[PDB]
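> Coordinates in structure-v4.pdb, PDB, C-alpha atoms and all ligand atoms, are listed below.
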```
ATOM      1  CA  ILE A  16      13.907 -16.356  69.963  1.00  0.00           C
ATOM      2  CA  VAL A  17      16.606 -13.865  68.899  1.00  0.00           C
ATOM      3  CA  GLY A  18      15.876 -10.180  69.412  1.00  0.00           C
ATOM      4  CA  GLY A  19      12.572 -10.683  71.222  1.00  0.00           C
ATOM      5  CA  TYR A  20      11.166  -9.655  74.581  1.00  0.00           C
ATOM      6  CA  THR A  21      10.159 -11.431  77.776  1.00  0.00           C
ATOM      7  CA  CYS A  22       6.504 -12.368  77.232  1.00  0.00           C
ATOM      8  CA  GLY A  23       5.422 -12.294  80.865  1.00  0.00           C
ATOM      9  CA  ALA A  24       4.198 -15.301  82.832  1.00  0.00           C
ATOM     10  CA  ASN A  25       1.216 -17.026  81.173  1.00  0.00           C
ATOM     11  CA  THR A  26       0.554 -14.266  78.643  1.00  0.00           C
ATOM     12  CA  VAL A  27       0.715 -16.878  75.840  1.00  0.00           C
ATOM     13  CA  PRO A  28      -1.629 -19.456  77.392  1.00  0.00           C
ATOM     14  CA  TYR A  29      -1.680 -21.852  74.402  1.00  0.00           C
ATOM     15  CA  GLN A  30       2.131 -22.264  74.392  1.00  0.00           C
ATOM     16  CA  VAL A  31       3.341 -25.702  75.462  1.00  0.00           C
ATOM     17  CA  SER A  32       6.777 -27.142  76.140  1.00  0.00           C
ATOM     18  CA  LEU A  33       7.505 -30.684  74.948  1.00  0.00           C
ATOM     19  CA  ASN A  34       9.682 -32.460  77.501  1.00  0.00           C
ATOM     20  CA  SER A  35      11.672 -35.708  77.301  1.00  0.00           C
ATOM     21  CA  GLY A  36      13.693 -35.112  80.456  1.00  0.00           C
ATOM     22  CA  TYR A  37      14.425 -31.591  79.150  1.00  0.00           C
ATOM     23  CA  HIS A  38      12.676 -29.054  76.946  1.00  0.00           C
ATOM     24  CA  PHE A  39      13.247 -29.885  73.283  1.00  0.00           C
ATOM     25  CA  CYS A  40      10.406 -28.275  71.283  1.00  0.00           C
ATOM     26  CA  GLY A  41       7.377 -26.047  71.511  1.00  0.00           C
ATOM     27  CA  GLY A  42       3.779 -26.761  70.587  1.00  0.00           C
ATOM     28  CA  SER A  43       0.289 -25.242  70.633  1.00  0.00           C
ATOM     29  CA  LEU A  44      -2.783 -26.384  72.571  1.00  0.00           C
ATOM     30  CA  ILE A  45      -5.707 -26.508  70.119  1.00  0.00           C
ATOM     31  CA  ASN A  46      -8.288 -28.108  72.421  1.00  0.00           C
ATOM     32  CA  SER A  47      -8.291 -29.706  75.846  1.00  0.00           C
ATOM     33  CA  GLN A  48      -6.712 -32.967  74.639  1.00  0.00           C
ATOM     34  CA  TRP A  49      -4.689 -32.169  71.482  1.00  0.00           C
ATOM     35  CA  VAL A  50      -1.425 -30.338  70.754  1.00  0.00           C
ATOM     36  CA  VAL A  51       0.020 -29.332  67.372  1.00  0.00           C
ATOM     37  CA  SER A  52       3.798 -29.278  66.874  1.00  0.00           C
ATOM     38  CA  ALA A  53       6.361 -29.840  64.112  1.00  0.00           C
ATOM     39  CA  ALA A  54       6.899 -33.339  62.738  1.00  0.00           C
ATOM     40  CA  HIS A  55      10.680 -32.911  63.017  1.00  0.00           C
ATOM     41  CA  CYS A  56      10.110 -32.692  66.791  1.00  0.00           C
ATOM     42  CA  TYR A  57       8.856 -36.285  66.860  1.00  0.00           C
ATOM     43  CA  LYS A  58      10.148 -38.652  69.491  1.00  0.00           C
ATOM     44  CA  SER A  59       8.784 -41.340  71.774  1.00  0.00           C
ATOM     45  CA  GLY A  60       8.044 -40.648  75.427  1.00  0.00           C
ATOM     46  CA  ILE A  61       6.800 -37.042  75.292  1.00  0.00           C
ATOM     47  CA  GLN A  62       5.458 -35.239  78.354  1.00  0.00           C
ATOM     48  CA  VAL A  63       3.488 -32.102  77.478  1.00  0.00           C
ATOM     49  CA  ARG A  64       4.000 -29.185  79.889  1.00  0.00           C
ATOM     50  CA  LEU A  65       1.252 -26.559  79.975  1.00  0.00           C
ATOM     51  CA  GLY A  66       1.040 -23.315  81.897  1.00  0.00           C
ATOM     52  CA  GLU A  67       4.817 -22.825  81.875  1.00  0.00           C
ATOM     53  CA  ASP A  68       6.801 -19.655  82.181  1.00  0.00           C
ATOM     54  CA  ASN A  69      10.129 -20.582  83.799  1.00  0.00           C
ATOM     55  CA  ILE A  70      10.700 -24.148  82.579  1.00  0.00           C
ATOM     56  CA  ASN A  71      13.237 -24.790  85.371  1.00  0.00           C
ATOM     57  CA  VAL A  72      11.112 -23.622  88.353  1.00  0.00           C
ATOM     58  CA  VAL A  73       7.717 -24.881  89.486  1.00  0.00           C
ATOM     59  CA  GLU A  74       5.729 -21.662  89.768  1.00  0.00           C
ATOM     60  CA  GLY A  75       2.203 -22.985  90.393  1.00  0.00           C
ATOM     61  CA  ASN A  76       0.234 -22.864  87.126  1.00  0.00           C
ATOM     62  CA  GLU A  77       1.797 -25.895  85.425  1.00  0.00           C
ATOM     63  CA  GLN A  78      -0.009 -28.955  84.128  1.00  0.00           C
ATOM     64  CA  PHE A  79       2.180 -31.945  83.199  1.00  0.00           C
ATOM     65  CA  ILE A  80       0.415 -34.517  80.997  1.00  0.00           C
ATOM     66  CA  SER A  81       1.899 -37.458  79.095  1.00  0.00           C
ATOM     67  CA  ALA A  82       1.203 -38.059  75.412  1.00  0.00           C
ATOM     68  CA  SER A  83      -0.896 -41.098  74.577  1.00  0.00           C
ATOM     69  CA  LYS A  84      -0.480 -40.936  70.797  1.00  0.00           C
ATOM     70  CA  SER A  85       1.561 -39.008  68.243  1.00  0.00           C
ATOM     71  CA  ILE A  86       0.541 -38.650  64.606  1.00  0.00           C
ATOM     72  CA  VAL A  87       3.076 -37.329  62.118  1.00  0.00           C
ATOM     73  CA  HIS A  88       1.563 -35.960  58.918  1.00  0.00           C
ATOM     74  CA  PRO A  89       1.257 -38.784  56.349  1.00  0.00           C
ATOM     75  CA  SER A  90       3.384 -36.903  53.762  1.00  0.00           C
ATOM     76  CA  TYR A  91       6.098 -35.488  56.035  1.00  0.00           C
ATOM     77  CA  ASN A  92       9.446 -35.391  54.204  1.00  0.00           C
ATOM     78  CA  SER A  93      12.370 -35.114  56.623  1.00  0.00           C
ATOM     79  CA  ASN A  94      14.804 -34.088  53.881  1.00  0.00           C
ATOM     80  CA  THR A  95      12.795 -31.086  52.636  1.00  0.00           C
ATOM     81  CA  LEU A  96      10.687 -30.509  55.809  1.00  0.00           C
ATOM     82  CA  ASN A  97       7.606 -30.372  53.583  1.00  0.00           C
ATOM     83  CA  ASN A  98       4.481 -31.041  55.700  1.00  0.00           C
ATOM     84  CA  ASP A  99       6.344 -30.362  58.976  1.00  0.00           C
ATOM     85  CA  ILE A 100       3.371 -30.867  61.286  1.00  0.00           C
ATOM     86  CA  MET A 101       2.422 -33.426  63.920  1.00  0.00           C
ATOM     87  CA  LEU A 102      -0.502 -33.949  66.309  1.00  0.00           C
ATOM     88  CA  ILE A 103      -0.088 -35.126  69.907  1.00  0.00           C
ATOM     89  CA  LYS A 104      -3.016 -36.468  71.933  1.00  0.00           C
ATOM     90  CA  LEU A 105      -2.828 -36.049  75.716  1.00  0.00           C
ATOM     91  CA  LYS A 106      -3.547 -38.998  78.014  1.00  0.00           C
ATOM     92  CA  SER A 107      -6.127 -36.831  79.794  1.00  0.00           C
ATOM     93  CA  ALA A 108      -7.748 -33.499  79.089  1.00  0.00           C
ATOM     94  CA  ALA A 109      -6.110 -30.314  80.290  1.00  0.00           C
ATOM     95  CA  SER A 110      -7.972 -28.061  82.713  1.00  0.00           C
ATOM     96  CA  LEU A 111      -8.583 -24.851  80.758  1.00  0.00           C
ATOM     97  CA  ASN A 112      -8.480 -21.440  82.474  1.00  0.00           C
ATOM     98  CA  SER A 113      -7.123 -17.940  81.829  1.00  0.00           C
ATOM     99  CA  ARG A 114      -3.495 -19.158  81.941  1.00  0.00           C
ATOM    100  CA  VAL A 115      -3.961 -22.448  80.042  1.00  0.00           C
ATOM    101  CA  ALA A 116      -6.154 -21.960  76.989  1.00  0.00           C
ATOM    102  CA  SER A 117      -6.529 -23.277  73.465  1.00  0.00           C
ATOM    103  CA  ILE A 118      -5.788 -21.322  70.291  1.00  0.00           C
ATOM    104  CA  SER A 119      -8.298 -21.337  67.447  1.00  0.00           C
ATOM    105  CA  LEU A 120      -7.534 -22.871  64.063  1.00  0.00           C
ATOM    106  CA  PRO A 121      -7.824 -20.510  61.080  1.00  0.00           C
ATOM    107  CA  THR A 122     -10.723 -20.385  58.669  1.00  0.00           C
ATOM    108  CA  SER A 123      -8.622 -18.571  56.058  1.00  0.00           C
ATOM    109  CA  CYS A 124      -4.940 -18.234  55.256  1.00  0.00           C
ATOM    110  CA  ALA A 125      -3.217 -15.069  56.434  1.00  0.00           C
ATOM    111  CA  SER A 126      -1.808 -12.637  53.879  1.00  0.00           C
ATOM    112  CA  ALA A 127       1.665 -11.138  53.616  1.00  0.00           C
ATOM    113  CA  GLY A 128       2.039  -8.081  55.814  1.00  0.00           C
ATOM    114  CA  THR A 129      -0.089  -9.487  58.641  1.00  0.00           C
ATOM    115  CA  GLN A 130       1.640  -9.089  62.009  1.00  0.00           C
ATOM    116  CA  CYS A 131       2.020 -12.256  64.092  1.00  0.00           C
ATOM    117  CA  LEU A 132       3.251 -13.314  67.520  1.00  0.00           C
ATOM    118  CA  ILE A 133       5.957 -16.006  67.707  1.00  0.00           C
ATOM    119  CA  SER A 134       7.044 -17.448  71.040  1.00  0.00           C
ATOM    120  CA  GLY A 135       9.383 -20.023  72.540  1.00  0.00           C
ATOM    121  CA  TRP A 136      12.235 -21.041  74.829  1.00  0.00           C
ATOM    122  CA  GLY A 137      14.786 -21.383  72.027  1.00  0.00           C
ATOM    123  CA  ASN A 138      18.288 -19.965  71.642  1.00  0.00           C
ATOM    124  CA  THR A 139      18.494 -16.162  71.985  1.00  0.00           C
ATOM    125  CA  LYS A 140      21.826 -15.641  70.137  1.00  0.00           C
ATOM    126  CA  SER A 141      22.626 -15.594  66.415  1.00  0.00           C
ATOM    127  CA  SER A 142      26.199 -16.715  67.159  1.00  0.00           C
ATOM    128  CA  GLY A 143      26.913 -18.864  70.152  1.00  0.00           C
ATOM    129  CA  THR A 144      24.221 -20.139  72.479  1.00  0.00           C
ATOM    130  CA  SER A 145      22.170 -18.874  75.394  1.00  0.00           C
ATOM    131  CA  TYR A 146      18.968 -20.590  76.321  1.00  0.00           C
ATOM    132  CA  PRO A 147      16.432 -18.639  78.390  1.00  0.00           C
ATOM    133  CA  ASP A 148      14.468 -20.158  81.194  1.00  0.00           C
ATOM    134  CA  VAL A 149      11.404 -17.908  80.665  1.00  0.00           C
ATOM    135  CA  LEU A 150       9.245 -17.594  77.568  1.00  0.00           C
ATOM    136  CA  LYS A 151      10.335 -15.113  74.884  1.00  0.00           C
ATOM    137  CA  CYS A 152       8.103 -13.329  72.388  1.00  0.00           C
ATOM    138  CA  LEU A 153       8.580 -11.733  68.971  1.00  0.00           C
ATOM    139  CA  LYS A 154       6.214  -9.713  66.791  1.00  0.00           C
ATOM    140  CA  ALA A 155       6.975 -10.274  63.114  1.00  0.00           C
ATOM    141  CA  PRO A 156       5.168  -9.889  59.775  1.00  0.00           C
ATOM    142  CA  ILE A 157       4.434 -12.569  57.236  1.00  0.00           C
ATOM    143  CA  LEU A 158       6.639 -11.972  54.190  1.00  0.00           C
ATOM    144  CA  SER A 159       5.466 -12.197  50.594  1.00  0.00           C
ATOM    145  CA  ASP A 160       5.914 -15.554  48.892  1.00  0.00           C
ATOM    146  CA  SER A 161       8.156 -13.836  46.326  1.00  0.00           C
ATOM    147  CA  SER A 162      10.528 -12.563  49.020  1.00  0.00           C
ATOM    148  CA  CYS A 163      10.426 -15.983  50.672  1.00  0.00           C
ATOM    149  CA  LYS A 164      11.284 -17.920  47.499  1.00  0.00           C
ATOM    150  CA  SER A 165      13.973 -15.386  46.575  1.00  0.00           C
ATOM    151  CA  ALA A 166      15.619 -15.921  49.979  1.00  0.00           C
ATOM    152  CA  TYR A 167      15.462 -19.737  49.696  1.00  0.00           C
ATOM    153  CA  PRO A 168      15.592 -20.694  45.998  1.00  0.00           C
ATOM    154  CA  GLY A 169      14.208 -24.156  45.256  1.00  0.00           C
ATOM    155  CA  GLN A 170      13.203 -24.838  48.874  1.00  0.00           C
ATOM    156  CA  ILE A 171       9.831 -23.182  49.630  1.00  0.00           C
ATOM    157  CA  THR A 172       6.734 -25.293  48.991  1.00  0.00           C
ATOM    158  CA  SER A 173       3.089 -24.246  49.036  1.00  0.00           C
ATOM    159  CA  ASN A 174       2.981 -25.548  52.634  1.00  0.00           C
ATOM    160  CA  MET A 175       5.528 -23.006  53.914  1.00  0.00           C
ATOM    161  CA  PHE A 176       5.691 -19.288  54.495  1.00  0.00           C
ATOM    162  CA  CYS A 177       8.388 -16.871  55.619  1.00  0.00           C
ATOM    163  CA  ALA A 178       7.973 -14.472  58.513  1.00  0.00           C
ATOM    164  CA  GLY A 179      10.453 -12.105  60.057  1.00  0.00           C
ATOM    165  CA  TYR A 180      12.874  -9.420  58.859  1.00  0.00           C
ATOM    166  CA  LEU A 181      15.143  -9.556  55.823  1.00  0.00           C
ATOM    167  CA  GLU A 182      17.539  -7.213  57.648  1.00  0.00           C
ATOM    168  CA  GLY A 183      18.058  -9.927  60.262  1.00  0.00           C
ATOM    169  CA  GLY A 184      18.424  -9.477  63.996  1.00  0.00           C
ATOM    170  CA  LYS A 185      15.000 -10.860  64.976  1.00  0.00           C
ATOM    171  CA  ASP A 186      13.986 -14.466  64.361  1.00  0.00           C
ATOM    172  CA  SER A 187      13.005 -17.724  65.959  1.00  0.00           C
ATOM    173  CA  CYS A 188      15.834 -20.226  66.542  1.00  0.00           C
ATOM    174  CA  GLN A 189      16.806 -23.745  67.656  1.00  0.00           C
ATOM    175  CA  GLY A 190      14.555 -24.871  70.480  1.00  0.00           C
ATOM    176  CA  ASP A 191      11.609 -22.785  69.251  1.00  0.00           C
ATOM    177  CA  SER A 192      10.698 -25.486  66.712  1.00  0.00           C
ATOM    178  CA  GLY A 193       7.104 -26.700  66.872  1.00  0.00           C
ATOM    179  CA  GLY A 194       5.915 -23.507  68.578  1.00  0.00           C
ATOM    180  CA  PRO A 195       3.133 -21.179  67.493  1.00  0.00           C
ATOM    181  CA  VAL A 196       2.818 -18.328  65.045  1.00  0.00           C
ATOM    182  CA  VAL A 197      -0.448 -16.577  65.947  1.00  0.00           C
ATOM    183  CA  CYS A 198      -2.000 -13.826  63.816  1.00  0.00           C
ATOM    184  CA  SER A 199      -5.306 -12.105  64.617  1.00  0.00           C
ATOM    185  CA  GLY A 200      -5.921 -14.675  67.336  1.00  0.00           C
ATOM    186  CA  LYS A 201      -5.591 -17.709  65.034  1.00  0.00           C
ATOM    187  CA  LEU A 202      -2.819 -20.291  64.732  1.00  0.00           C
ATOM    188  CA  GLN A 203      -1.307 -19.652  61.297  1.00  0.00           C
ATOM    189  CA  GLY A 204       2.175 -21.156  61.545  1.00  0.00           C
ATOM    190  CA  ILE A 205       4.490 -23.635  63.220  1.00  0.00           C
ATOM    191  CA  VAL A 206       8.176 -22.840  63.795  1.00  0.00           C
ATOM    192  CA  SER A 207       9.896 -25.136  61.277  1.00  0.00           C
ATOM    193  CA  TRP A 208      13.328 -24.163  59.899  1.00  0.00           C
ATOM    194  CA  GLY A 209      15.753 -21.512  58.711  1.00  0.00           C
ATOM    195  CA  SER A 210      19.380 -21.040  57.783  1.00  0.00           C
ATOM    196  CA  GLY A 211      21.064 -20.109  61.038  1.00  0.00           C
ATOM    197  CA  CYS A 212      19.064 -17.632  63.124  1.00  0.00           C
ATOM    198  CA  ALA A 213      18.424 -13.919  62.567  1.00  0.00           C
ATOM    199  CA  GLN A 214      20.832 -13.811  59.612  1.00  0.00           C
ATOM    200  CA  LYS A 215      20.394 -11.166  56.943  1.00  0.00           C
ATOM    201  CA  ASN A 216      18.232 -12.326  53.994  1.00  0.00           C
ATOM    202  CA  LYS A 217      17.438 -15.631  55.763  1.00  0.00           C
ATOM    203  CA  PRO A 218      14.070 -15.241  57.519  1.00  0.00           C
ATOM    204  CA  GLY A 219      12.310 -17.976  59.434  1.00  0.00           C
ATOM    205  CA  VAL A 220      10.271 -20.575  57.545  1.00  0.00           C
ATOM    206  CA  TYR A 221       6.996 -21.778  59.040  1.00  0.00           C
ATOM    207  CA  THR A 222       4.519 -24.561  58.342  1.00  0.00           C
ATOM    208  CA  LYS A 223       1.370 -23.076  56.758  1.00  0.00           C
ATOM    209  CA  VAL A 224      -1.322 -24.308  59.158  1.00  0.00           C
ATOM    210  CA  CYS A 225      -4.312 -23.196  57.067  1.00  0.00           C
ATOM    211  CA  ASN A 226      -3.487 -25.942  54.533  1.00  0.00           C
ATOM    212  CA  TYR A 227      -3.960 -28.598  57.232  1.00  0.00           C
ATOM    213  CA  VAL A 228      -7.235 -27.670  58.950  1.00  0.00           C
ATOM    214  CA  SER A 229      -9.148 -30.445  57.164  1.00  0.00           C
ATOM    215  CA  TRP A 230      -6.576 -33.080  58.150  1.00  0.00           C
ATOM    216  CA  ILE A 231      -6.400 -31.808  61.748  1.00  0.00           C
ATOM    217  CA  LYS A 232     -10.179 -31.845  62.242  1.00  0.00           C
ATOM    218  CA  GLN A 233     -10.649 -35.267  60.618  1.00  0.00           C
ATOM    219  CA  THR A 234      -7.804 -36.753  62.666  1.00  0.00           C
ATOM    220  CA  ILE A 235      -9.055 -35.336  65.971  1.00  0.00           C
ATOM    221  CA  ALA A 236     -12.577 -36.577  65.228  1.00  0.00           C
ATOM    222  CA  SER A 237     -11.518 -40.234  64.876  1.00  0.00           C
ATOM    223  CA  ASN A 238      -8.657 -40.592  67.378  1.00  0.00           C
TER
HETATM  224 CA    CA B   1       7.643 -23.795  85.545  1.00  0.00          CA
END
```
Represent the supplied structure as structure tokens.
Ligand SMILES: [Ca+2]


Amino acid sequence: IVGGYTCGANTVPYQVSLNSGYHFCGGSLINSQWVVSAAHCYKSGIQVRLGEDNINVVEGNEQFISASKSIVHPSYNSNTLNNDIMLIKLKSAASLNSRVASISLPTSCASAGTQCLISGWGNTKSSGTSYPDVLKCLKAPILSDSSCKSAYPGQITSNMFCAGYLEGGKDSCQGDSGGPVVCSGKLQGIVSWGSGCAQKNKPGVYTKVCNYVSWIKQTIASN
């Protein structure tokens, strides 16, 4: 997250860190045994880390649970990042409390102008690199589809939306991928891609979760 603020320990209780010996992507807890992330975060041997603030210090609220199964969306296209969404099933159910909690799926798509919360442990610089150890937060609005397509000609599908600031300075970034975009207490987006980070006229692009609620619910119900 570039230009954000320190969330505070366990103030984003649905935020997960995906770990393969190191943090490499975010994700969102959507019930006690399932996590949603980005398909471009796929790898084998994922450990899901819940209840994290400082990802380099054991602080006492963590739950570490291995993935038993990963399901990349059937139509994921790694060249265009269309359908950039993946489901991860935990080997055992998480213990839910005030600091580890699930985020609700949306019943409707959010409109442009809605304010959302984006969070992650990604890079905090637009040039160069600095990775934080504690979770960072950013409040940002959903941009109109017209602004989004004008910023990224020929690249925005109906499964993507833009959020952020056309002036630049505030954005998600590398290492935030897979993490949540929450608006009005519902999961509306997944950190997916962008050109650089926090660059003028290049806002973040996010997977549009409301298009996938049917697939998510059907998949969870039979796996
Ligand atoms: Ca920790």

> For a quick check of understanding, using all atoms listed in the file, which of A:211, A:193, A:41, A:200 has the smallest distance to residue 55 in chain A?

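Using all atoms listed in the file, the shortest distance to residue 55 in chain A belongs to A:193.
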
> Can you turn the PyMOL selection byres (((not hetatm)) within 7 of (chain B and resi 1)) into a concrete residue list for this file, as number ranges by chain?

A: 67-74, 77

> Which residues come within 8 Å of residue 158 in chain A, counting only C-alpha atoms, excluding same-chain residues fewer than 5 positions away, as an MDAnalysis selection string?

chainID A and resid 127:128 163 176:179

> Using only C-alpha atoms, please write the residues we just selected to a file, as a PDB file, keeping the file's coordinate frame.


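Produced file out_12.pdb, reproduced below:
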```
ATOM      1  CA  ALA A 127       1.665 -11.138  53.616  1.00  0.00           C
ATOM      2  CA  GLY A 128       2.039  -8.081  55.814  1.00  0.00           C
ATOM      3  CA  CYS A 163      10.426 -15.983  50.672  1.00  0.00           C
ATOM      4  CA  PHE A 176       5.691 -19.288  54.495  1.00  0.00           C
ATOM      5  CA  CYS A 177       8.388 -16.871  55.619  1.00  0.00           C
ATOM      6  CA  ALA A 178       7.973 -14.472  58.513  1.00  0.00           C
ATOM      7  CA  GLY A 179      10.453 -12.105  60.057  1.00  0.00           C
TER       8      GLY A 179
END
```

> For residue 208 in chain A, which residue out of A:31, A:139, A:65, A:56 is the nearest one, using all atoms listed in the file?

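Distance minimum relative to residue 208 in chain A lands on A:56.
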
> Running the PyMOL selection byres (((chain A and resi 140) around 9) and not hetatm) on this model by hand, what would come out? Give it as a list in words.

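Evaluating the PyMOL selection byres (((chain A and resi 140) around 9) and not hetatm) on these coordinates yields residues 16, 17, 18, 138, 139, 141, 142, 143, 144, 145, 146, 188, 212 and 213 of chain A.
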
> Between CA of residue 123 in chain A and CA of residue 174 in chain A, what is the distance, to one decimal in Å?

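Result for CA of residue 123 in chain A versus CA of residue 174 in chain A: 14.0 Å, one decimal.
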
> Give the answer as one residue: which of A:26, A:134, A:129, A:107 has the shortest atom-to-atom distance to residue 190 in chain A, using all atoms listed in the file?

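Answer, going by the shortest atom-to-atom distance: A:134.
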
> How far is it from CA of residue 203 in chain A to CA of residue 130 in chain A, in Å with one decimal?

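Between CA of residue 203 in chain A and CA of residue 130 in chain A the gap is 11.0 Å.
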
> Applied to the shown file, which residues does the PyMOL selection byres (((chain A and resi 25) around 8) and not hetatm) return, written as a PyMOL selection string?

chain A and resi 23-24+26-28+66-68+114-115

> Which polymer residues have any atom within 12 Å of an atom of residue 198 in chain A, counting all atoms listed in the file, with same-chain residues fewer than 4 positions away left out, as an mmCIF file with C-alpha atoms, keeping the file's coordinate frame?


```cif
data_model
loop_
_atom_site.group_PDB
_atom_site.id
_atom_site.type_symbol
_atom_site.label_atom_id
_atom_site.label_comp_id
_atom_site.auth_asym_id
_atom_site.auth_seq_id
_atom_site.Cartn_x
_atom_site.Cartn_y
_atom_site.Cartn_z
ATOM 1 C CA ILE A 118 -5.788 -21.322 70.291
ATOM 2 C CA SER A 119 -8.298 -21.337 67.447
ATOM 3 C CA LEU A 120 -7.534 -22.871 64.063
ATOM 4 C CA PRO A 121 -7.824 -20.510 61.080
ATOM 5 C CA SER A 123 -8.622 -18.571 56.058
ATOM 6 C CA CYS A 124 -4.940 -18.234 55.256
ATOM 7 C CA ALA A 125 -3.217 -15.069 56.434
ATOM 8 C CA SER A 126 -1.808 -12.637 53.879
ATOM 9 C CA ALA A 127 1.665 -11.138 53.616
ATOM 10 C CA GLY A 128 2.039 -8.081 55.814
ATOM 11 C CA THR A 129 -0.089 -9.487 58.641
ATOM 12 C CA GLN A 130 1.640 -9.089 62.009
ATOM 13 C CA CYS A 131 2.020 -12.256 64.092
ATOM 14 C CA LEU A 132 3.251 -13.314 67.520
ATOM 15 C CA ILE A 133 5.957 -16.006 67.707
ATOM 16 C CA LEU A 153 8.580 -11.733 68.971
ATOM 17 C CA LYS A 154 6.214 -9.713 66.791
ATOM 18 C CA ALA A 155 6.975 -10.274 63.114
ATOM 19 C CA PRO A 156 5.168 -9.889 59.775
ATOM 20 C CA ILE A 157 4.434 -12.569 57.236
ATOM 21 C CA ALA A 178 7.973 -14.472 58.513
ATOM 22 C CA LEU A 202 -2.819 -20.291 64.732
ATOM 23 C CA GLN A 203 -1.307 -19.652 61.297
ATOM 24 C CA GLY A 204 2.175 -21.156 61.545
ATOM 25 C CA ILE A 205 4.490 -23.635 63.220
ATOM 26 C CA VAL A 224 -1.322 -24.308 59.158
ATOM 27 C CA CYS A 225 -4.312 -23.196 57.067
#
```

> For residue 207 in chain A, which residue among A:164, A:223, A:185, A:232 is the nearest when counting all atoms listed in the file?

A:223

> At a cut-off of 10 Å around the point (-4.6, -27.0, 67.4) (file coordinates), what residues fall inside when counting only C-alpha atoms? I'd like the answer as a list in words.

residues 29, 42, 43, 44, 45, 46, 47, 48, 49, 50, 51, 52, 102, 103, 117, 118, 119, 120, 121, 195, 201, 202, 224, 228, 231, 232 and 235 of chain A

> What lies within 8 Å of residue 99 in chain A using all atoms listed in the file, ignoring chain neighbours under 2 positions off, as a list in words?

residues 53, 54, 55, 88, 91, 92, 96, 97, 101, 207 and 222 of chain A

> Show me, as a PyMOL selection string, the residues that have an atom within 8 Å of residue 21 in chain A when counting all atoms listed in the file, minus same-chain residues fewer than 6 positions from it.

chain A and resi 149-152

> Return as AutoDock Vina command-line options the box centre and box size in Å, one decimal, for an axis-aligned box around all listed atoms of range 77-95 of chain A padded by 6 Å per side.


```
--center_x 7.0 --center_y -33.5 --center_z 69.0 --size_x 27.7 --size_y 27.2 --size_z 44.8
```

> Please measure the separation of CA of residue 62 in chain A and CA of residue 81 in chain A, giving the value in Å to one decimal.

4.3 Å
